[PDB]
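Letters A, B, ... are given to chains in the order of the sequence lines, protein chains preceding strands, and every chain is numbered from 1. Reckoned from all heavy atoms, side chains included, excluding hydrogens, waters and symmetry mates.
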Amino acid sequence: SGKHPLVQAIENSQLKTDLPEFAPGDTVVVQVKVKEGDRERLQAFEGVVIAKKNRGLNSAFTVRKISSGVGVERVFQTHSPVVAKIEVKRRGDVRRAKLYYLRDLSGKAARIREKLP
Amino acid sequence: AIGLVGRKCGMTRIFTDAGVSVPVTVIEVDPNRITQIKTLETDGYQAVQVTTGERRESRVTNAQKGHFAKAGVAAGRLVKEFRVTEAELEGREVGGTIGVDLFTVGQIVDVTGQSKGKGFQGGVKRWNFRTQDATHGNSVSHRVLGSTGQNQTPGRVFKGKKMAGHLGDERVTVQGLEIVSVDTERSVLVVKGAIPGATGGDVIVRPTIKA
Amino acid sequence: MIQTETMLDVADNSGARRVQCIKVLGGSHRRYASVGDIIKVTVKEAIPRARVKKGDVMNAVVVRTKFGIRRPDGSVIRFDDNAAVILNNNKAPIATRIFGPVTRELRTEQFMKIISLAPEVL
Amino acid sequence: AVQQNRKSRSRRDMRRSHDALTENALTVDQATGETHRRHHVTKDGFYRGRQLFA
Amino acid sequence: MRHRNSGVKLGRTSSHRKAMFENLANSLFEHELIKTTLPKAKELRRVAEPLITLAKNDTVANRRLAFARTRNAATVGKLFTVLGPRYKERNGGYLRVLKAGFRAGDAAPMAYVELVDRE
RNA sequence: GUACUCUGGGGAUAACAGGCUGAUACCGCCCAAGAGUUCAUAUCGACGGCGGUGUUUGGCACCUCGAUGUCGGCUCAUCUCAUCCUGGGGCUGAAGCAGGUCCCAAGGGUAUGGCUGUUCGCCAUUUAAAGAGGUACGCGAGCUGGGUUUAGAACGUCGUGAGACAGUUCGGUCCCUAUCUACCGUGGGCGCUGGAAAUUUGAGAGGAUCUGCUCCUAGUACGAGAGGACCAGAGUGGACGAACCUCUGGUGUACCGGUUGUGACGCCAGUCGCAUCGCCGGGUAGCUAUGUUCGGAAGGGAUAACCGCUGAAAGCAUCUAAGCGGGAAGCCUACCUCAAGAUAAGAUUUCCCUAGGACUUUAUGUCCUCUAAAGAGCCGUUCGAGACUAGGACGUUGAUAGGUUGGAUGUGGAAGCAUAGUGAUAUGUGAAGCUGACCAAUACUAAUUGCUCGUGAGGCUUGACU
RNA sequence: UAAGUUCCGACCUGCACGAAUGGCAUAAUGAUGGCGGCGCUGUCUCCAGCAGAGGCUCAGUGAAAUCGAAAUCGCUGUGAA
RNA sequence: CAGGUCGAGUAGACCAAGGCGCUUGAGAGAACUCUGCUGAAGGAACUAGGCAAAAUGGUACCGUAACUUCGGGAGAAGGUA
RNA sequence: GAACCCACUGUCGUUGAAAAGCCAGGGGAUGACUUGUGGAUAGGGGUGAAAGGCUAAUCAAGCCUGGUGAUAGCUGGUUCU
RNA sequence: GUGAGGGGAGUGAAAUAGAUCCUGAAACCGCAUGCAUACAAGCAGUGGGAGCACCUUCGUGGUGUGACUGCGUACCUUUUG
Ligand SMILES: NCCC[C@H](N)CC(=O)NCCC[C@H](N)CC(=O)NCCC[C@H](N)CC(=O)N[C@@H]1[C@H](O)[C@@H](OC(N)=O)[C@@H](CO)O[C@H]1NC1=N[C@@H]2C(=O)NC[C@@H](O)[C@H]2N1
Ligand SMILES: NCCC[C@H](N)CC(=O)NCCC[C@H](N)CC(=O)NCCC[C@H](N)CC(=O)N[C@@H]1[C@H](O)[C@@H](OC(N)=O)[C@@H](CO)O[C@H]1NC1=N[C@@H]2C(=O)NC[C@@H](O)[C@H]2N1
């Protein structure tokens with residue numbers, strides 16, 4: 001809430017209200033709307049959350065995965081309608097907010113320990 | 001054409017149902033109050049003068065106090081004219097009010113503002129000049145102008161030569177912006193894209209001159 | 001964001017393994033190439049007994065970049081490498097297999113073969 | 001770089017035409033009656049009634 | 001350009017500036033009235049007033065924070081036993097800065113910094 | 001012999017640039033044998049003739065030898081048109097698509113690399129195109145110093161030798177704080193027919209001016225076939241420019257954390273100083289591009305080459321002599337910005353000042369007393385404004401700045417205590433503690449009491465209205 | 001090498017190599033000359049942000065080379081050109 | 001002459017005994033200049049030339065080519081803790 | 001590889017802090033080594049692992065004083081009506 | 001400021017003979033009065049010439065200034081120039 005109240009009201013008018021709770025280090029699945037022609041479908045994007053930005057309607061989060069041997073990252077915008085659904089598969093236990101050190105690790109070295117209840 | 005005077009409130013985004021993120025600028029509009037109508041007979045041209053905002057009486061001078069009292073409107077923080085034709089001039093009278101409903105969603109507009117001031121600036125920033133070599137023997141000549149002219153002929157520097165000096169803090173008009181939202185409850189315009197100036201600056205919104 | 005002297009991997013089985021960009025095609029003073037753009041390359045390393053040979057000058061299309069691509073919702077997608085797919089003299093793919101994911105900007109009638117052969121389109 | 005001709009006294013004085021000094025803003029302190037610099041503590045330590053040094 | 005930036009430089013490195021302002025705060029808390037240059041006096045508020053706000057509440061953690069910021073046991077004791085109780089009900093503004101002419105050696109503008117209820 | 005060198009002189013006399021000239025150079029025109037299946041002139045054009053320009057090679061020796069101190073590269077340019085692309089046309093040995101040739105047109109645009117000191121040149125790959133030239137072969141008190149042309153050394157060659165070169169090779173100090181003119185920005189003064197606060201007209205000035213590809217018309221017109229349009233519409237790019245920070249990132253030495261060495265705070269614990277911010281991982285505002293948005297759209301007027309209508313001189317013919325049209329990225333407008341020092345100093349709205357004496361230089365007269373307006377400034381709190389200025393906001397009838405309170409964000413589990421461990425550590429209290437610049441409230445602190453400037457109805461002549 | 005007036009190997013009409021003004025080689029050595037590669041990078045595409053020191057303003061002290069005299073504009077022409 | 005903690009050390013970081021803060025200051029936080037830190041994607045495309053900068057860097061063990069004057073090359077290269 | 005002795009590269013400095021330096025890198029560092037004190041060699045002479053190098057900030061013939069007011073077919077200047 | 005310096009007083013024929021003190025020029029630098037000067041382009045003068053101020057024998061006069069206007073590119077040397 002570092003913006004003017006009018007901007008805050010205009011932004012708050014468009015907030016999603018069913019977002020789950022997740023943190024860096026968690027592995028998540030994102031259902032992404034894909035529209036070609038008149039054809040609509042949901043594509044799954046599963047991976048580790050390596051960064052989270054809490055900025056109200058300007059919130060974002062970065063998901064990293066290994067796809068066919070090639071690392072790929074996507075920075076989703078949390079309140080965008082293209083993000084249909086987010087599910088948390090497993091909760092991770094980490095020591096810092098940003099996990100960029102994972103980019104230089106491969107295989108067993110990049111494993112994230114599960115957070116035990 | 002007749003337009004509106006407002007204040008830049010900040011930038012944000014609007015999400016569409018398809019998921020497209022549209023970057024937008026929000027313009028607060030305190031409804032403009034007409035203070036004077038200028039005609040061919042008395043002024044030689046046709047314009048509508050408006051004021052907006054508020055100003056304390058200790059800052060309002062006596063001449064301006066009388067000028068506002070003749071129209072019968074509260075003193076504003078600024079006064080500004082719009083050139084008009086007879087068709088736009090009809091229906092407007094001294095003491096009336098112009099609101100955000102002058103515009104419609106989807107309309108294309110031009111927005112004028114006062115750009116941010118960068119102060120004294122050099123050739124690289126002001127005119128996109130290229131720097132010289134950082135290494136390879138260069139002596140204290142990394143961001144300098146270089147040559148400024150020819151030899152004995154013509155033996156002078158031409159007018160308009162690009163040099164260092166004040167950059168920014170000038171009137172700038174941006175054309176082709178689309179009205180994204182017209183909120184009458186909050187008296188707000190939401191336009192697509194960026195507009196000149198800093199947050200809190202005064203801006204002018206007019207119908208586009210390009211077609 | 002590919003420019004001249006940039007080295008790229010090859011995401012196909014045409015035989016080339018590393019290529020170097022020698023020109024960004026499609027305009028005077030054009031600086032950079034992104035996903036879906038055509039470049040001229042020289043082949044720096046190839047597997048033995050292949051149609052392509054080391055030292056050949058060919059066309060290619062960029063399919064993966066580290067700088068990444070933007071999407072209409074404001075997101076960005078970044079890859080771990082810079083990868084290209086070799087084309088022939090009339091700018092058509094010459095390979096039969098595609099390795100690694102590709103993006104939806106390749107969904108044109110010119111590059112639909114890459115979309116069909118890729119393991120992942122994202 | 002250096003002049004090719006000595007500058008005349010008239011031109012030198014014309015350049016100096018912007019060198020004049022100005023007065024400070026002085027004011028009588030109503031609490032004490034002495035002249036003081038406006039918005040400043042007096043030399044004896046008074047300012048708008050309060051007194052600093054016992 | 002320095003649009004919307006806070007802080008001063010005063011021709012010093014960052015560590016030297018921080019040490020100087022710590023010394024100034026200690027001297028102010030000890031004597032309750034000091035004379036310095038006007039820019040130093042104005043910047044000293046942003047360093048000194050939060051210390052009094054912190055000292056309003058007496059806890060071990062607050063005392064250790066005050067000691068980390070002042071490195072003066074006498075200053076910590078005076079803050080937590082005298083100044084904080086004195087300003088418990090004051091909503092900021094524990095200092096006043098008053099212009100005091102110029103300095104003979106270099107014509108530098110000067111000011112007095114004083115605690116609000118000193119004596 | 002002197003390149004190890006020195007003195008007195010010369011622009012009386014050479015090398016650079018300038019000047020005169022134009023043999024040479026480049027460009028243009030006249031005649032026309034012939035070539036072109038016939039057919040000089042679609043395109044070429046022998047033998048000969050006449051000019052233009054002032055980019056070449058030269059001639060002369062007028063300026064400079066009490067110094068005009070540079071081959072190329074870099075940075076930054078400005079002009080010409082004999083036009084490279086884009087625009088408009090005539091002819092064709094122009095079916096179409098293309099091409100050839102000539103005319104008009106200077107608005108904009110007009111490659112990156114390998115080799116070499118190169119200019120040039122050859123080569124690779126692009127582009128709509130990679131134009132030709134002038135500007136001290138533009139630019140070294142703006143940069144460099146690879147080549148050439150000091151002093152060292154060597155090779156080939158010449159000389160008995162000192163030494164030398166239609167040569168080669170390795171190495172080899174680039175000074176100047178800008179007075180005047182000019183230019184880029186930014187102020188002070190006065191003027192503008194009493195003074196003041198605002199809003200303005202536009203005589204004029206500057207900026208901008210580029211273009212690819214795909215689809216469609218339509219596989220239509222054209223053509224035997226192969227191929228394949230004009231005109232007219234959509235979509236999407238390159239380069240360039242501006243504004244902006246919502247998004248994506250960079251930075252972020254006054255924000256948070258991990259960690260090494262050492263010293264200290266009496267000790268443990270907890271902290272702080274120093275070591276590039278010690279090092280390392282993140283990161284708020286601001287600034288910023290590689291990020292975002294937008295622009296060169298459309299239309300009027302006069303024209304260039306060119307094409308005409310009607311029409312005589314000259315019973316015909318003829319775009320022309322009367323008269324009437326069409327016609328280009330070019331000109332004037334149109335778009336953006338500046339603009340009344342436009343001394344021709346413009347216009348509109350509103351506001352302020354309505355006192356007495358003496359005297360003679362009898363007048364917008366000179367001296368006394370009274371009066372001090374509308375406003376402006378000094379000063380202070382300051383700013384997304386700024387070198388100083390100027391400009392914007394506010395000064396108690398107050399949110400201008402700091403602080404305080406709340407929120408937001410970042411970091412990521414404070415200290416103390418308690419549990420489990422032999423212990424390093426782990427867990428709970430608790431997503432805690434701390435959080436520059438952000439948002440919102442709040443007179444707690446500082447914007448005090450003030451002073452200075454600016455006056456007192458604004459000359460005369462004539463005309464029209466009263 | 002995509003592209004090599006440089007580099008390496010070979011050829012020999014050696015303008016004008018050649019045997020102690022030594023010839024041809026040679027391990028090691030060289031702040032020696034030429035060419036190529038890996039890593040690396042603000043050298044560059046193309047620059048951005050930040051830190052310190054100047055620059056700028058105020059107070060004090062206080063130079064320099066130069067200088068016939070200056071009321072010291074543009075263009076085209078003229079003219080020790 | 002020359003102490004302490006680490007250290008091979010008289011190298012180096014921080015300290016002891018013992019000395020100093022270098023005889024103009026105060027503000028501001030523009031262009032430009034000097035000295036530093038970081039930098040998206042690319043990685044010599046820069047340039048006469050990788051000039052400058054970036055980079056490597058310790059101890060123990062393993063392992064180490066052509067060539068050679070048998071000494072070297074060699075800390076070759078490379079790897080583990 | 002420090003001290004010590006050198007001077008290969010670059011930025012800065014060039015009316016400098018300095019009439020040859022600073023900073024970051026660089027070479028030698030038990031030897032043909034570096035260095036204190038006191039001596040010897042004197043100008044067509046000395047000395048030189050040789051650059052015409054050095055011989056008191058001076059070297060293809062040191063400095064000082066005399067011949068000496070050298071000579072100059074050269075340049076400059078030459079005073080009231 | 002028990003400073004420097006000055007104003008009175010006093011001495012002296014004279015102190016503007018007051019101590020770096022006879023006379024006291026010029027370059028150069030101040031203050032005061034009069035006139036001119038902020039729409040106009042250049043060796044700064046010269047030949048004309050309105051107005052203003054002071055004086056005055058009251059003018060067909062004297063002193064200072066100089067709006068506006070015609071003409072007008074320093075001096076020396078050396079040179080065909
Ligand atoms: N009768 C009249 C006599 C007249 C006399 N002749 C005049 C004269 O000679 N002037 C010389 C001016 C030099 C200097 N600027 C003076 C000054 O003003 N110093 C400011 C300090 C004053 C302060 N209030 C006292 C202070 O902190 N003391 C400390 C202390 O003793 C001690 O520290 C610890 N931790 O124990 C010591 C460490 O060894 O260091 C001293 N500090 C020091 N700072 C000094 C420095 O830098 N250099 C010289 C010497 O003075 C140094 N010591
Ligand atoms: N209304 C205003 C009032 C204001 C108020 N009142 C304030 C006021 O008034 N303040 C006054 C300040 C004035 C000043 N500051 C004081 C000052 O200056 N004192 C000077 C004191 C000492 C002075 N230096 C000594 C002196 O003079 N030595 C000289 C010197 O050795 C030499 O001379 C030269 N040239 O070489 C020699 C040659 O002869 O002579 C000597 N002398 C001789 N004298 C003799 C003579 O005459 N005959 C015979 C023989 O014995 C002569 N020799």
Quick one: B:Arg59 CZ to F:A393 P, roughly how many Å, whole number? 8 Å
Taking only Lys NZ, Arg NE, NH1 and NH2, and the carboxylate oxygens of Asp or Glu, determine whether E:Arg46 and E:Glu43 approach each other closer than 4.0 Å. yes
Is C:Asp37 salt-bridged to C:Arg30, cutoff N-O under 4.0 Å? yes
Do both conditions hold for G:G49 and G:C50, namely six-membered ring centres separated by less than 5.5 Å and ring planes inclined at less than 30°? yes
F:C319|F:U320 base stack, centroid gap <5.5 Å, plane angle <30°: no
Of the options F:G403, F:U449, F:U75, whose atoms approach the side-chain atoms of B:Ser147 most closely? F:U75
Give the nucleotide from the list J:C29, F:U349, F:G395 with an atom nearest to the side chain of B:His67. F:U349
Identified pairing partner of H:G27, criterion: Watson-Crick or G-U wobble below 3.5 Å: G:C56
Answer with base, sugar-phosphate or nothing: what part of the nucleic acid does D:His18 contact at a heavy-atom distance below 4.0 Å? base
How about F:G52 and F:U53: do their bases stack, with centres under 5.5 Å and planes under 30 degrees? yes
Does the side chain of C:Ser75 reach to within under 4.5 Å of the side chain of A:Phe76, using non-hydrogen atoms? no
Is there a Watson-Crick or G-U wobble partner for F:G152 with both distances under 3.5 Å, and which nucleotide is it? F:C170
Once you apply a heavy-atom cut-off of 4.0 Å, does A:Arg55 come out as touching a base, just sugar-phosphate, or nothing? sugar-phosphate
Classify the nucleic acid contact of D:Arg15 as base, sugar-phosphate or nothing, counting any heavy atom under 4.0 Å across all strands shown. nothing
Both B:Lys125 and B:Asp133 contact RNA chain H. Which one's nearest nucleotide lies toward the 5' end? B:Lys125
C:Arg64/C:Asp81 salt bridge by N-O under 4.0 Å criterion: yes
What is the distance, rounded to the nearest whole Å, between atom CG of D:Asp29 and atom P of F:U449? 12 Å
Between E:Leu38 and C:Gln20, whichever has its closest RNA chain H nucleotide further toward 5' is E:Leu38
Residue matched to F:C379 through Watson-Crick or wobble contacts both under 3.5 angstrom: F:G395
Of the candidates F:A426, F:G142, H:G42, the side chain of B:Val144 sits closest to F:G142
Need one value for B:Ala211: base, sugar-phosphate or nothing, where a base atom within 4.0 Å counts as base even if backbone is also close, heavy atoms only. base
Partner of I:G48 by Watson-Crick or G-U wobble geometry, both contacts under 3.5 Å, or none? none
Can you check the B:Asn151 CG to F:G18 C1' distance for me, whole Å? 11 Å
Syn/anti state of F:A67 by chi, 90° boundary around 0: syn
salt_bridge(C:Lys66, A:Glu73) N-O dist < 4.0 Å: no
Under a 3.5 Å limit on both distances, the Watson-Crick or wobble mate of F:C190 is F:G341
NA contact type, B:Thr173, heavy-atom cut-off 4.0 Å: base, sugar-phosphate, or nothing? sugar-phosphate
Could you point out which residue of A:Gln8, A:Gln14, A:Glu11 forms a side chain to side chain donor-acceptor pair (under 3.5 Å) with B:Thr12? A:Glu11
Is F:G252 the Watson-Crick or G-U wobble partner of F:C265, both distances being under 3.5 Å? no
When we call it a touch if two heavy atoms are under 4.0 Å apart, what does B:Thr35 touch: a base, just sugar-phosphate, or nothing? nothing
Whether B:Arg77 and B:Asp202 form a salt bridge (side-chain N of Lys/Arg under 4.0 Å from carboxylate O of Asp/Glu) is what I want to check. yes
Of all the nucleotides listed (F:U348, H:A45, G:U45), which has the minimum atom distance to the side chain of C:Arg31? G:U45
Test: B:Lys38 and B:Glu81 ion pair at under 4.0 Å: yes
With both distances kept under 3.5 Å, what pairs with H:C46, Watson-Crick or G-U wobble? none
Of the listed nucleotides F:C244, F:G410, F:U293, the one nearest the side chain of B:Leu177: F:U293
Nearest-Å distance, NZ (E:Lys18) to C1' (F:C277)? 12 Å
Name the nucleic acid region contacted by B:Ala134, choosing base, sugar-phosphate or nothing; use a 4.0 angstrom heavy-atom cut-off, strictly under. sugar-phosphate
With sugar-phosphate meaning primed atoms plus P, OP1 and OP2, does B:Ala63 contact a base, only sugar-phosphate, or nothing at under 4.0 Å between heavy atoms? base
Taking any heavy-atom pair under 4.0 Å as a contact, classify E:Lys42: base, sugar-phosphate, or nothing. sugar-phosphate
Given F:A264, F:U348, F:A77, which nucleotide is nearest the side-chain atoms of B:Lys162? F:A77
Is F:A12 in the syn range, within 90° of 0, or in the anti range? anti
Going by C1'-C2'-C3'-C4', which side is F:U78 on: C3'-endo/north or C2'-endo/south? north
At 4.0 Å (heavy atoms only), tell me whether D:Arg6 reaches a base, stays on the sugar-phosphate, or touches nothing. base
Using Watson-Crick (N1 to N3, and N6-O4 or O6-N4) or G-U wobble (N1-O2, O6-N3) distances under 3.5 Å, do F:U259 and F:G278 pair? yes
G:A64 pairs with, by Watson-Crick or G-U criteria that keep both distances under 3.5 Å: none
Have a look at B:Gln132 and say if it touches a base, only the backbone sugar-phosphate, or nothing, with a 4.0 Å heavy-atom cut-off. base
Should F:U276 and F:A363 count as paired, given that a pair must be Watson-Crick or G-U wobble and both distances must be under 3.5 Å? no
Side chain of A:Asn54 only, please: which of F:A414, F:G410, F:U445 is the nearest? F:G410
Are the six-membered base rings of J:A25 and J:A26 within the stacking limits, centres under 5.5 Å and planes under 30°? yes
Describe the nucleic acid contact of C:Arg78 in one word from base, sugar-phosphate, nothing, applying a heavy-atom distance below 4.0 Å. sugar-phosphate
Let's test this: given Watson-Crick or G-U wobble pairing with both distances under 3.5 Å, identify the partner of F:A141. none
Assign C:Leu25 to base, sugar-phosphate, or nothing according to its heavy-atom contacts below 4.0 angstrom with the strands shown. sugar-phosphate
Does C:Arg70 reach a base, just sugar-phosphate, or nothing at all? Heavy atoms under 4.0 Å. base
